[PDB]
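Next comes coords.pdb, a file with PDB, C-alpha atoms.
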ATOM      1  CA  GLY W   1      10.345  74.667  21.684
ATOM      2  CA  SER W   2       9.116  73.693  18.226
ATOM      3  CA  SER W   3       5.892  72.276  19.666
ATOM      4  CA  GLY W   4       4.344  72.864  23.077
ATOM      5  CA  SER W   5       4.368  69.141  23.825
ATOM      6  CA  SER W   6       7.072  69.002  26.497
ATOM      7  CA  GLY W   7       6.452  72.380  28.104
ATOM      8  CA  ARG W   8       3.102  73.807  29.182
ATOM      9  CA  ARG W   9       1.738  77.337  28.808
ATOM     10  CA  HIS W  10      -1.081  78.915  30.819
ATOM     11  CA  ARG W  11      -3.958  80.785  29.179
ATOM     12  CA  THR W  12      -5.262  84.296  29.841
ATOM     13  CA  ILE W  13      -8.430  86.282  29.144
ATOM     14  CA  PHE W  14      -8.544  89.115  26.610
ATOM     15  CA  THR W  15     -10.852  92.008  25.733
ATOM     16  CA  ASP W  16     -13.184  92.116  22.730
ATOM     17  CA  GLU W  17     -10.803  94.529  21.005
ATOM     18  CA  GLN W  18      -7.710  92.439  21.734
ATOM     19  CA  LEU W  19      -9.465  89.310  20.468
ATOM     20  CA  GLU W  20     -10.776  91.074  17.363
ATOM     21  CA  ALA W  21      -7.299  92.052  16.170
ATOM     22  CA  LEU W  22      -5.821  88.636  16.951
ATOM     23  CA  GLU W  23      -8.620  86.837  15.107
ATOM     24  CA  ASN W  24      -8.346  89.430  12.336
ATOM     25  CA  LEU W  25      -4.690  88.487  11.867
ATOM     26  CA  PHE W  26      -4.898  84.730  12.420
ATOM     27  CA  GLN W  27      -7.781  84.703   9.940
ATOM     28  CA  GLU W  28      -5.829  86.391   7.145
ATOM     29  CA  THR W  29      -2.549  84.644   7.955
ATOM     30  CA  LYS W  30      -2.049  81.616  10.202
ATOM     31  CA  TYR W  31       1.562  82.613  10.864
ATOM     32  CA  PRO W  32       2.202  86.384  10.971
ATOM     33  CA  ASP W  33       5.571  88.138  10.765
ATOM     34  CA  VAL W  34       7.825  89.332  13.588
ATOM     35  CA  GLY W  35       7.079  92.877  12.474
ATOM     36  CA  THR W  36       3.313  92.411  12.388
ATOM     37  CA  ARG W  37       3.297  90.607  15.737
ATOM     38  CA  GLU W  38       5.415  93.182  17.570
ATOM     39  CA  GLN W  39       3.190  95.981  16.272
ATOM     40  CA  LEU W  40      -0.133  94.198  16.775
ATOM     41  CA  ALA W  41       0.904  93.476  20.362
ATOM     42  CA  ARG W  42       1.417  97.108  21.364
ATOM     43  CA  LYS W  43      -1.722  97.895  19.365
ATOM     44  CA  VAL W  44      -3.790  95.499  21.477
ATOM     45  CA  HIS W  45      -1.799  96.332  24.609
ATOM     46  CA  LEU W  46      -0.233  92.866  24.738
ATOM     47  CA  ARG W  47       3.218  91.270  24.692
ATOM     48  CA  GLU W  48       4.488  89.841  21.403
ATOM     49  CA  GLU W  49       5.140  86.516  23.131
ATOM     50  CA  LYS W  50       1.545  86.363  24.368
ATOM     51  CA  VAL W  51       0.215  87.240  20.914
ATOM     52  CA  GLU W  52       2.036  84.277  19.374
ATOM     53  CA  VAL W  53       0.557  81.997  22.036
ATOM     54  CA  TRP W  54      -3.056  82.903  21.274
ATOM     55  CA  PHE W  55      -2.410  81.782  17.698
ATOM     56  CA  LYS W  56      -1.164  78.377  18.846
ATOM     57  CA  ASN W  57      -4.353  77.928  20.872
ATOM     58  CA  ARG W  58      -6.622  78.721  17.925
ATOM     59  CA  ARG W  59      -4.865  76.165  15.723
ATOM     60  CA  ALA W  60      -5.640  73.512  18.336
ATOM     61  CA  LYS W  61      -9.332  73.756  17.457
ATOM     62  CA  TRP W  62      -8.899  74.418  13.736
ATOM     63  CA  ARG W  63      -7.490  70.886  13.741
ATOM     64  CA  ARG W  64      -9.656  69.239  16.400
ATOM     65  CA  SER W  65     -12.900  70.426  14.806
ATOM     66  CA  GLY W  66     -11.578  70.010  11.277
ATOM     67  CA  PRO W  67     -11.260  66.614   9.560
ATOM     68  CA  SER W  68      -7.493  66.874  10.010
ATOM     69  CA  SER W  69      -7.831  64.581  13.026
ATOM     70  CA  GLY W  70     -10.281  61.695  13.240
TER      71      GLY W  70
END

Spit out the file's structure as structure tokens when you get a sec.
Amino acid sequence: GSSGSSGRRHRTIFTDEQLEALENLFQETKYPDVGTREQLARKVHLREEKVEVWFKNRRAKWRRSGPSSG
């Protein structure tokens, strides 16, 4: 649960609009609020759960590319 190390999650494609919002939120705040997520989801025509996932994916790079690792 905490970290997606044990379990695996598949990825899905999104539209420019959907991505925009997501990136617009993840950019301002790495970890949004249940209220913001639920709303954003319906706003981008997505499921809260999915929304949260996208964020996790982004972080992956933010660390890989960043000096955080290596």

Between atom CA of residue W:49 and atom CA of residue W:28, what is the distance, to one decimal in Å?
19.4 Å

Counting all atoms listed in the file, closest pick from W:5, W:48, W:11, W:27 relative to residue W:62 is W:27

Evaluate the PyMOL selection byres ((chain W and resi 19-26) around 12) and record the selected residues as a PyMOL selection string, following the chain and residue labels used in the document.
chain W and resi 12-18+27-33+36-37+39-46+48+50-59+62

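Interatomic distance, atom CA of residue W:66 to atom CA of residue W:2: 22.1 Å.
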
Quick one, how far is atom CA of residue W:1 from atom CA of residue W:69?
22.5 Å
